[PDB]
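Peer 1: Provided herewith: structure06.pdb, PDB, C-alpha atoms (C1' of nucleotides).
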```pdb
ATOM      1  CA  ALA A   1      86.865 156.043 138.850
ATOM      2  CA  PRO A   2      89.106 155.181 135.894
ATOM      3  CA  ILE A   3      91.569 152.863 137.633
ATOM      4  CA  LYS A   4      88.710 151.205 139.509
ATOM      5  CA  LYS A   5      86.762 150.789 136.276
ATOM      6  CA  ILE A   6      89.759 149.180 134.594
ATOM      7  CA  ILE A   7      90.212 146.792 137.517
ATOM      8  CA  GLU A   8      86.527 145.855 137.370
ATOM      9  CA  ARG A   9      86.762 145.164 133.648
ATOM     10  CA  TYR A  10      89.762 142.886 134.140
ATOM     11  CA  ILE A  11      88.039 140.985 136.938
ATOM     12  CA  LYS A  12      85.006 140.527 134.678
ATOM     13  CA  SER A  13      87.338 139.174 132.000
ATOM     14  CA  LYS A  14      88.887 136.802 134.536
ATOM     15  CA  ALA A  15      85.440 135.607 135.591
ATOM     16  CA  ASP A  16      84.499 134.984 131.967
ATOM     17  CA  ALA A  17      87.692 132.988 131.459
ATOM     18  CA  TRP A  18      87.233 131.226 134.796
ATOM     19  CA  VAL A  19      83.526 130.416 134.654
ATOM     20  CA  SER A  20      83.815 129.073 131.111
ATOM     21  CA  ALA A  21      86.829 126.985 132.113
ATOM     22  CA  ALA A  22      84.915 125.594 135.084
ATOM     23  CA  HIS A  23      81.993 124.697 132.827
ATOM     24  CA  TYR A  24      84.346 122.940 130.421
ATOM     25  CA  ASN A  25      85.890 120.984 133.289
ATOM     26  CA  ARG A  26      82.444 119.957 134.514
ATOM     27  CA  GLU A  27      81.525 118.771 131.029
ATOM     28  CA  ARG A  28      84.733 116.743 130.846
ATOM     29  CA  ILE A  29      83.984 115.184 134.230
ATOM     30  CA  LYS A  30      80.480 114.274 133.079
ATOM     31  CA  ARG A  31      81.922 112.537 130.023
ATOM     32  CA  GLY A  32      84.794 110.736 131.736
ATOM     33  CA  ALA A  33      87.692 112.498 130.052
ATOM     34  CA  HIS A  34      91.049 112.358 131.875
ATOM     35  CA  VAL A  35      90.320 114.839 134.639
ATOM     36  CA  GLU A  36      93.001 115.498 137.257
ATOM     37  CA  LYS A  37      91.874 114.640 140.864
ATOM     38  CA  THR A  38      93.011 118.090 141.979
ATOM     39  CA  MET A  39      91.363 119.622 138.913
ATOM     40  CA  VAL A  40      88.105 117.830 139.687
ATOM     41  CA  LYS A  41      88.242 119.059 143.280
ATOM     42  CA  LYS A  42      88.798 122.611 142.041
ATOM     43  CA  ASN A  43      85.843 122.297 139.679
ATOM     44  CA  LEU A  44      83.657 121.036 142.520
ATOM     45  CA  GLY A  45      84.721 123.979 144.673
ATOM     46  CA  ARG A  46      84.533 126.581 141.907
ATOM     47  CA  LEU A  47      81.202 125.306 140.689
ATOM     48  CA  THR A  48      79.833 125.317 144.239
ATOM     49  CA  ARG A  49      80.965 128.915 144.633
ATOM     50  CA  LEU A  50      79.292 129.844 141.352
ATOM     51  CA  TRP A  51      76.068 128.175 142.470
ATOM     52  CA  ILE A  52      76.171 130.084 145.750
ATOM     53  CA  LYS A  53      76.697 133.345 143.875
TER      54      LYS A  53
ATOM     55  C1'   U B   1      89.685 111.858 119.164
ATOM     56  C1'   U B   2      90.112 107.396 122.261
ATOM     57  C1'   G B   3      92.014 103.786 126.396
ATOM     58  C1'   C B   4      94.556 102.463 130.844
ATOM     59  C1'   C B   5      94.270 106.418 134.046
ATOM     60  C1'   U B   6      94.166 110.226 137.229
ATOM     61  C1'   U B   7     100.535 114.025 137.980
ATOM     62  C1'   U B   8     104.148 113.566 134.306
ATOM     63  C1'   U B   9     107.143 110.710 131.449
ATOM     64  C1'   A B  10     106.714 105.877 129.811
ATOM     65  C1'   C B  11     102.044 104.186 127.488
ATOM     66  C1'   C B  12      96.563 102.213 124.686
ATOM     67  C1'   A B  13      94.808 102.748 119.642
ATOM     68  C1'   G B  14      92.873 105.300 115.458
ATOM     69  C1'   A B  15      93.016 109.755 112.267
ATOM     70  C1'   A B  16      95.364 113.677 109.650
ATOM     71  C1'   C B  17      99.652 116.087 108.290
ATOM     72  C1'   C B  18     104.769 115.609 108.829
ATOM     73  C1'   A B  19     109.765 113.921 109.767
ATOM     74  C1'   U B  20     113.727 110.255 111.234
ATOM     75  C1'   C B  21     115.637 106.010 110.408
ATOM     76  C1'   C B  22     117.325 100.413 108.340
ATOM     77  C1'   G B  23     117.703  99.854 103.346
ATOM     78  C1'   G B  24     117.156  99.867  97.341
ATOM     79  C1'   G B  25     118.176 101.071  92.820
ATOM     80  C1'   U B  26     119.447 103.369  88.059
ATOM     81  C1'   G B  27     122.923 106.559  85.386
ATOM     82  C1'   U B  28     127.655 109.128  85.149
ATOM     83  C1'   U B  29     132.479 109.616  86.711
ATOM     84  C1'   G B  30     136.376 108.453  89.672
ATOM     85  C1'   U B  31     139.106 105.067  91.847
ATOM     86  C1'   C B  32     140.769  99.637  94.019
ATOM     87  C1'   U B  33     141.635  94.456  92.238
ATOM     88  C1'   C B  34     142.348  90.558  88.755
ATOM     89  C1'   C B  35     143.398  89.202  83.648
ATOM     90  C1'   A B  36     145.392  91.304  78.922
ATOM     91  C1'   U B  37     148.314  94.299  74.547
ATOM     92  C1'   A B  38     146.299  95.181  67.830
ATOM     93  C1'   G B  39     146.840 100.857  64.307
ATOM     94  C1'   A B  40     144.484  99.470  59.856
ATOM     95  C1'   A B  41     141.251  95.713  56.700
ATOM     96  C1'   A B  42     137.158  95.741  51.777
ATOM     97  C1'   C B  43     137.926  96.230  45.339
ATOM     98  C1'   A B  44     138.960  91.972  39.642
ATOM     99  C1'   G B  45     137.113  87.611  41.407
ATOM    100  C1'   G B  46     138.597  82.566  43.429
ATOM    101  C1'   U B  47     139.485  78.845  48.015
ATOM    102  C1'   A B  48     136.557  77.696  52.794
ATOM    103  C1'   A B  49     132.604  78.743  56.126
ATOM    104  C1'   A B  50     128.422  81.135  57.978
ATOM    105  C1'   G B  51     123.021  84.338  56.944
ATOM    106  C1'   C B  52     118.269  84.135  53.418
ATOM    107  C1'   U B  53     115.826  82.675  48.046
ATOM    108  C1'   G B  54     114.986  79.073  44.216
ATOM    109  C1'   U B  55     113.295  74.232  42.273
ATOM    110  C1'   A B  56     107.891  76.410  27.551
ATOM    111  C1'   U B  57     100.681  74.541  26.132
ATOM    112  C1'   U B  58      95.159  81.203  28.433
ATOM    113  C1'   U B  59      97.228  86.414  33.627
ATOM    114  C1'   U B  60     103.587  88.187  33.206
ATOM    115  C1'   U B  61     109.802  85.207  30.969
ATOM    116  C1'   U B  62     108.842  81.311  25.370
TER     117        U B  62
END
```
Written as structure tokens, that's how I'd like the structure from this file.
Peer 2:
Amino acid sequence: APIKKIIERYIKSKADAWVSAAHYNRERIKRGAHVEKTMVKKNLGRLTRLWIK
RNA sequence: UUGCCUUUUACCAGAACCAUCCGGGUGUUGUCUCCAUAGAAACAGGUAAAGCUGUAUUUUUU
């Protein structure tokens, strides 16, 4: 239980950090604000995944 | 924060703080260079020259 719980919490944290980041990236893309091609691709992928979820 | 852009340096152009630099005086010393060398004169007043003032009949002194 405890170890598992801790792991869960950290993955939640990661998600929070990740999802927010993705959102930010998307916003940037929408604007037209020096997005990296690779970064944009990642955002597209990540965002797609999020949508699916 | 923008822009070219999509990787970065190297860049666009604005902002705010900051620094660096190329320079600048001023003052005081110290030096370097070039020219130079006197340790005592005013008072009594003259001689000469420079600074300023002047040109008795009701309110100044006739």
Peer 1: In Å, how far is it from CA of residue 28 in chain A to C1' of residue 9 in chain B?
Peer 2: 23.2 Å
Peer 1: For a test of reading the model, state the distance in Å between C1' of residue 16 in chain B and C1' of residue 3 in chain B, rounded to one decimal.
Peer 2: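 Calculated distance between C1' of residue 16 in chain B and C1' of residue 3 in chain B is 19.7 Å.
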Peer 1: Would you kindly translate the PyMOL selection byres ((chain A) within 8 of (chain B)) into the concrete residues it picks from this file, as a list in words?
Peer 2: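 Against this file, the PyMOL selection byres ((chain A) within 8 of (chain B)) returns the residues residues 34, 35, 36 and 37 of chain A.
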Peer 1: So which one's closest to residue 42 in chain A, A:29, A:6, A:11, A:1? Using only C-alpha atoms, please.
Peer 2: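 Smallest distance to residue 42 in chain A is found for A:29.
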Peer 1: Quick one: pull the distance between CA of residue 30 in chain A and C1' of residue 15 in chain B, Å, one decimal.
Peer 2: 24.7 Å
Peer 1: Using the file's own x, y and z axes, what box holds all listed atoms of range 32-49 of chain A with 4 Å on each side, keeping edges along x, y and z, and what are its centre and edge lengths in Å to one decimal, as JSON?
Peer 2:
```
{"center_x": 86.4, "center_y": 119.8, "center_z": 137.4, "size_x": 21.2, "size_y": 26.2, "size_z": 22.6}
```
Peer 1: Determine, counting all atoms listed in the file, which protein, DNA and RNA residues have an atom within 12 Å of an atom of residue 18 in chain A; residues of the same chain fewer than 5 positions away are not included. Present the result as a list in words.
Peer 2: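 Returned residues: residues 10, 11, 12, 13, 23, 24, 25, 42, 43, 46, 47, 49 and 50 of chain A.
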